[PDB]
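Derivation of every value follows stated rules applied to the coordinates shown; laboratory data play no part. We place every Cβ from the backbone using ideal geometry, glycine too, and count neighbours over all the protein chains shown.
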Amino acid sequence: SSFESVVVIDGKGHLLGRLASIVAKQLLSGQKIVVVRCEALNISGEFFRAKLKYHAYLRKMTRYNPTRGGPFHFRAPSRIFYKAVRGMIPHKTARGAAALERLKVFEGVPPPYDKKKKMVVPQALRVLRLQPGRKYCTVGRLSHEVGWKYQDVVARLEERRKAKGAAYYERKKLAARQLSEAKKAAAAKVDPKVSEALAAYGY
Amino acid sequence: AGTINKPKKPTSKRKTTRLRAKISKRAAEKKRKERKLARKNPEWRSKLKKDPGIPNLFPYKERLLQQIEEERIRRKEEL
Amino acid sequence: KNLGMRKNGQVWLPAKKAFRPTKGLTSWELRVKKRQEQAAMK
Amino acid sequence: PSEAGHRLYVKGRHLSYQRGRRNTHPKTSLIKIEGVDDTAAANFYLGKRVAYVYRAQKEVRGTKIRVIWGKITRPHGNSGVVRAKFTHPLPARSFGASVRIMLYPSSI
Amino acid sequence: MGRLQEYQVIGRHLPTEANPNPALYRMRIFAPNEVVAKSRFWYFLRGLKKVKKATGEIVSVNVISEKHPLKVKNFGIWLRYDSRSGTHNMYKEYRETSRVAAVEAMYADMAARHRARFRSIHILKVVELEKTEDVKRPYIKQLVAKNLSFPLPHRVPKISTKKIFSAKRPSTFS
Amino acid sequence: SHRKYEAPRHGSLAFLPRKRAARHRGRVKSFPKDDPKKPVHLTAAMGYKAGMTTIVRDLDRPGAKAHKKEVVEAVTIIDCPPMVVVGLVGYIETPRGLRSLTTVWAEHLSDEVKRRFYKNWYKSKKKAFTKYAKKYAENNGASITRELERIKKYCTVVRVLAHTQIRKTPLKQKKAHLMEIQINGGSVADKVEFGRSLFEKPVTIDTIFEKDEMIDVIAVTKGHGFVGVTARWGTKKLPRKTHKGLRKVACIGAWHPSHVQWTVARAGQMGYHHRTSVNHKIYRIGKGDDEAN
Amino acid sequence: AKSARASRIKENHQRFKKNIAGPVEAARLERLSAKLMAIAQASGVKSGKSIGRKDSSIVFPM
Amino acid sequence: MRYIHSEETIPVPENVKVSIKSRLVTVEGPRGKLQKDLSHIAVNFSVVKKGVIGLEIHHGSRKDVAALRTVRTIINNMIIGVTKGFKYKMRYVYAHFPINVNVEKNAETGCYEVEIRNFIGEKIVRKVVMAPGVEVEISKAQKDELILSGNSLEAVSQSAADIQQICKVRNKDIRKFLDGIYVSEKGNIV
Amino acid sequence: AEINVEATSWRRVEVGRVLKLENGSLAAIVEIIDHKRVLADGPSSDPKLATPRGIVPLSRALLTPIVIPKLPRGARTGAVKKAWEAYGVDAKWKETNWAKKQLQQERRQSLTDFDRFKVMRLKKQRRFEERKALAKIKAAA
RNA sequence: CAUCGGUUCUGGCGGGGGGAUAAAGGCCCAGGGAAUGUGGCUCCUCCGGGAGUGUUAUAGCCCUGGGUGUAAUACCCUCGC
RNA sequence: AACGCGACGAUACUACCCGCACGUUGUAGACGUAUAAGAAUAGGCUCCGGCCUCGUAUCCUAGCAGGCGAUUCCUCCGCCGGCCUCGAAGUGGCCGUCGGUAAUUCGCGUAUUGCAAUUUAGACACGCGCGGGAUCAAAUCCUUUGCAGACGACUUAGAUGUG
């Protein structure tokens, strides 16, 4: 447990409801949460069940005037996750509204979150939760099949971001290698008493 | 069936208080009625119960038959 | 080569074996001894 | 110059009041202390003094900053959340705000 | 059904003028405590003889501990359970280290697989399989095989439930 | 109970609401999709509707009844004075949609297009684009070069800004009409060079459209004001001396919900709607210089 | 009658678009593009080669 | 019941080169190269003997044990495809109107293309594009025969099925109208 | 018949496999009960690494790379102790990087405030030389 | 803040008693037995390992009785700090 | 979306911009509010030697809330300027100047806030200020139009003109 200024979560490989419950509990506890890559979230069960549930959601609409009061069906994966979170928070109170203002959801990793640390929640990871052999799906595929229009744009922006991250990774590998050679060189100049004291202390 | 692309009206699992009370009362009345028909029922009922027996896959069934036969002979000798 | 015919015509199919996932748990002689003991007990 | 901090307290968050499902009791508050995750860790901070520091409008006696004083009484549940009692019950708007758990009175 | 202990319960009918020395009946009963053990004794004795609790007495209740709790053993349990249809036999085998642990595994397995409660199961015999040729169930025969070594694929690492966020995606290979 | 005799809906739900259009000039909702292996070309233009007249056409339509015969048809005349390109807008793709990134204007803009930026042109000092015209001079148009290179590097959709020459029309309006016309074909650098070469130049209708082509006409219809249900939706008139009116709908509701639905015909605004009509054949592009067009 | 949104009608229209109307639209577009081309033809920081910066929010203010 | 260990064996000929990495099987042979993604089935691959591939499942159910047979047959069919190949001979028969079949190779797509004309006198011109690697020829030895050859059994059989399904009589008695294209022979190229 | 299979290679539970429990002690599998529990014995001379003979759930154990070679199934505590001192399981565990990490953890948690201050000072003293070496490396190449 | 009184929550430590005077288990002594048969021997072999034989050998295990032993520990009850 | 967003033009007025000069100004709540590979989980990482349960990690962390003077060091940080670079809601790299800077050691000062009382200390936004630099704008009523219209609203026109 650690209080942080803002927690950036990678939505890839995560289960929608478990991540939503954990994020909602953090929001009501008072922690700012930014979830990215909501198109890479996972729903347990194979794709036709999620498609059936979203079509059953689309079926529900107010009768006398569909421009007011009715369930507004959002086809974006980020706002699907936002609906999942909002169902878990008393959003009709001032406390729940203020908790929801501490949350930001995005598709892909827009800047400047591309140069920030993205953490994962092991209590909601699909690989650590689902039994092997069970079927699953992605929120992005369901969104694309129900009406999301920006699967390709987010995709191309993601290969651009991954290419820039690859260049950053070669730079980081070079920096780590030079740091290792610097430590090996400085091992012959640091005082042996200091080295022995640090090794005895655990460093 | 085209259920996935076009779902129908959902079947509600949220039961009503009227339905719950009516089902409970019909269940209690049925229990009383079957008790009455059990008391009035003229079908024959054996006093003894047909015992299922000993399983074949029990590995010491032969030794248990040995024990039963030995105790039978011992009881016959004692009597 | 394969000397016989297959009914569905998939001549490339291998000579499949029986689906016996409980193989190797009992030797043949032990099963025969258990058969004699079960028959005597019965 | 010194490049260090000046913190001698542990951070905490005011979660809610003592409550059932429906009925809340403002006289007792629930606090999540940073790094405390079980009752054995909460036992160290039983009896410590916790302060809620906030900022008002009018400057009274040289400052615009007010403090509500209280102390930790008993652990709550199994996850290191503690119960606290203050001189006045904490504001309901401060659910999620930060509080300071000081290291005094000390048994070390 | 809980932390079970096996008890020998010896009881008898109360002595009368006709029978100054009535017969003693001993049973081996798995029960969480001695009160439940005596209750089960009186139930099983009412099922077999003209003795009830008001006309009989408990001579002794003793705990039967396992001779070798550190030796891996195969147990065969013959039981009768009561369902909607009636009473049915079951023969099952468990690879455990004590008769009491075998009986707890039995109760959990029957509750999981046939929805049978403690009140509807009669434990008729619990025996030790002296030889591995007496093992009949294939799920124990695959455990009593020679040179049994297997890996453990897809081991989810144990991460503390109070640590919400981690900076590394965990691996499932250790 | 059910409706005894089946009858379809009066009116279409696809053209709701029946309100006045948000602005007078028609909005191009969608442009033709871009094929980069095509040559660069403009996809839209503007004109002013003059009226209608009659033609006789020698029809060559094999399989038709009037094949190799003469047909009388009605046609609509649109006056098209040449259009002046005065700008270039760049568009980028975002997960929230197309986004305008930069806009580069020409150095010299006419008073026609300058009147569009004012509601009182006669009281104004006419200061529009005066400080913008100096960035073509300072540092040899370095800022203009920066914005053009930004469009070449980051944008995927390029549109020119084109305005009508309204002084050539008989209209009393002196305020011109300005729109974005998408450049289709070529690469983005080709589109930027195409616009840069077309700044401050008049573009005629014959270089955008060609005879015997079907186009789409986008406009705002004739306004009718507040109109009742009988003419607004084509509903059946109630019989003579129907109480509280006969040019009405007898039942706006007889069934649950306890509301008036959005599908019930109600009195209100008719006309002045934004309409895009498709598949209109160009029969003749006549020239103003020709005295026998 | 076959619908407008029918697969066989769509395939027939696609074949018509590919084989018949396609060359006509391509030739007309080439002529119009040539006619419009007729009218069209008729340091990095200080020179604009280096594209520098022009002269709520996505993140929490901190 | 959860079986502790189950295994299958696939013998590999000397000409065949098999490379498996992360359940992505690549099989190389004299005729060509095949690639398949078996990442949807939990199998552990090994080399139990020189020239034998070992398939294993640990702590799997009966379904997981049974899926190894499908994996075994798929990899065996890939080996047979890269070694000997697969060949489907099809016959097209007609009653009154002769069926015209023209086979081309679209070079930009790099794939064969079969064009069928005059089926029951219909004026439509049917067109089937083949899977990559499937070679279609008109047999000169026999009459009204197509030959589909390849290394991928799935591709060859699916192309033959597409040819058979595209020429289907509608709204007529199938007892009386017997026309169509049918898969006559299924076998190996070598 | 060139077969290039690169696949995962798990450690296996077997008679002789040494387990590391959650408390930090070691055990050896002497008989496998099922796929979830084993019978184990930790007859180590060191009290910290010792484990009483009994049932070990495999969820609460970690597979160490140490396997006692040729250990009979179901061998009692004397035989397991003889095999332990013969094979030298303790020395191999000390060489294992897991015990080095655990020892580093104990050395870090056994620090007082004076120890932490001295750690900070000596770490800055070492960091000076590492920074000079890194600057020299970056300047040279 | 210190020293107290009433109520209460929680942690640690030192003893006692009971059971099969826990059951185990370690180390010895005296017997008996078997294989998921160790060493050895023999036969196959892709020589990597399998197959057969028999009771400890160049591993061990199980069963029974005795000693250390009034052993320890678990569990239950209890006296205090 | 009349409480979603973007680009552009002109911006009088104390209005706009720059610097420090501070707030009985406001903030669902600073206190080191430090940390960018992607991908797989029946496999990955690498410096190619090996390594992988483990973020229990790494960086930073000493001095009047952190002074003065040395001994000593060429390490770290920050402001500017140049060249590049960053469009998903746009910002980092290198070089150069300047300023600060225990990696080692020492001296002088700390008291008296009296035995605890938030450690009034950060950021953003806003206002009042001065001292300087920059710019001299529109909308509406009114008259008119009829492409419009119940009234508002809308399309026009009204400053020298092709009115």
Checklist entry - Among the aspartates and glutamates, which fall within straight-line cross-link reach of A:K189, defined as a Cα-Cα distance under 20 Å, with same-chain neighbours fewer than 8 residues apart omitted? => result A:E181, I:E129, I:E130
Next on the checklist: How many angstrom lie between the Cα centre of segment F:197-260 and the Cα centre of segment D:39-89?
Outcome noted: 68
Next on the checklist: Among the listed pairs C:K34/E:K131; B:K61/C:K34; A:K25/A:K51; F:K114/F:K134; H:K87/H:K123, which have their C-alpha atoms separated by more than 19 angstrom in this model?
Outcome noted: A:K25/A:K51; H:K87/H:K123
Item to check | Listed residue pairs exceeding 24 Å between alpha carbons, taken from H:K84/H:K127; F:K174/F:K201; F:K33/G:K49; D:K32/I:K124; B:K25/B:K47; F:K191/G:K10 | outcome: H:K84/H:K127; F:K33/G:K49; D:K32/I:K124; B:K25/B:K47; F:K191/G:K10
Checklist outcome for this item: Among F:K68/H:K168; F:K29/F:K168; A:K162/H:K21; E:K71/I:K48; F:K38/G:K54, the pairs whose Cα-Cα distance exceeds 30 Å are F:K68/H:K168; F:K38/G:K54
Checklist entry - With a 10 Å Cβ neighbour count serving as the proxy for reagent exposure, in which order, fewest first, do A:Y168, A:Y82, E:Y94 appear? => result A:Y168, A:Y82, E:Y94
Item to check | Hydrodynamic radius by Kirkwood, which averages 1/r over all alpha carbon pairs of chain B, in angstrom | outcome: 20.3
Checklist outcome for this item: Env charge @ E:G86, Cβ radius under 15 Å, K,R +1 / D,E -1, value +3
Checklist outcome for this item: Per principal axis, largest first, the Cα atoms of segment A:48-110 extend in Å by 32, 29, 20
Checklist entry - P(r) of chain A in 5 Å steps, Cα pairs, percent per bin? => result 1, 6, 12, 14, 15, 14, 11, 8, 6, 5, 4, 3, 2, 1, 1, 0, 0
Checklist outcome for this item: In the neighbourhood of E:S65 defined by beta carbon distances under 13 Å, the net charge of the other residues (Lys, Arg +1; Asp, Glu -1) is +1
Checklist outcome for this item: Listing A:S195, G:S7 by rising number of other beta-carbon atoms within 10 angstrom, fewest first, gives G:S7, A:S195
Next on the checklist: Compute the helix-to-body angle for C:28-41: its Cα long axis versus the longest principal axis of chain C, expressed 0 to 90° and rounded to tens.
Outcome noted: 50
Item to check | Candidate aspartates and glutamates for bridging to F:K125, where Cα separation is under 20 Å - those fewer than 8 sequence places away on the same chain excluded | outcome: F:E107, F:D111, F:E112
Item to check | Per-selection metrics, the protein assembly as shown (Cα): Rg and Dmax in Å | outcome: 43.4, 148
Checklist outcome for this item: The alpha-carbon center of segment A:176-203 and that of segment I:92-106 are separated, in whole Å, by 19
Item to check | Length-normalised contact order of chain F in % [C-alpha pairs under 8 Å, at least 6 apart] | outcome: 24
Item to check | Order of H:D37, H:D144 under a 10 Å beta carbon neighbour criterion, fewest first | outcome: H:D37, H:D144
Checklist entry - Could you give the radius of gyration (one decimal) and Dmax (whole number) of the Cα atoms in chain E, in Å? => result 22.0, 83
Item to check | Cα centroid separation - segment A:71-148 against segment C:3-38, whole Å | outcome: 52
Next on the checklist: Between helix H:153-166 and chain H, what is the angle of the helix's C-alpha long axis to the longest principal axis, kept within 0 to 90° and rounded to the nearest 10?
Outcome noted: 30
Item to check | Partner chain coverage, peptide G:15-27 - average Cβ within 10 angstrom | outcome: 1
Next on the checklist: Rg and Dmax in Å for segment F:107-230, alpha carbons only: what are they?
Outcome noted: 18.8, 66
Checklist entry - Shielding of C:13-22 by partners, i.e. mean partner chain Cβ atoms within 10 Å per residue? => result 4
Checklist entry - Taking the Cα atoms only, what angle lies between the long axis of helix E:99-114 and the longest principal axis of chain E, rounded to 10 degrees? => result 70
Item to check | Formal net charge of residues neighbouring H:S6 (Cβ-Cβ distance under 9 Å; K, R +1; D, E -1) | outcome: -4
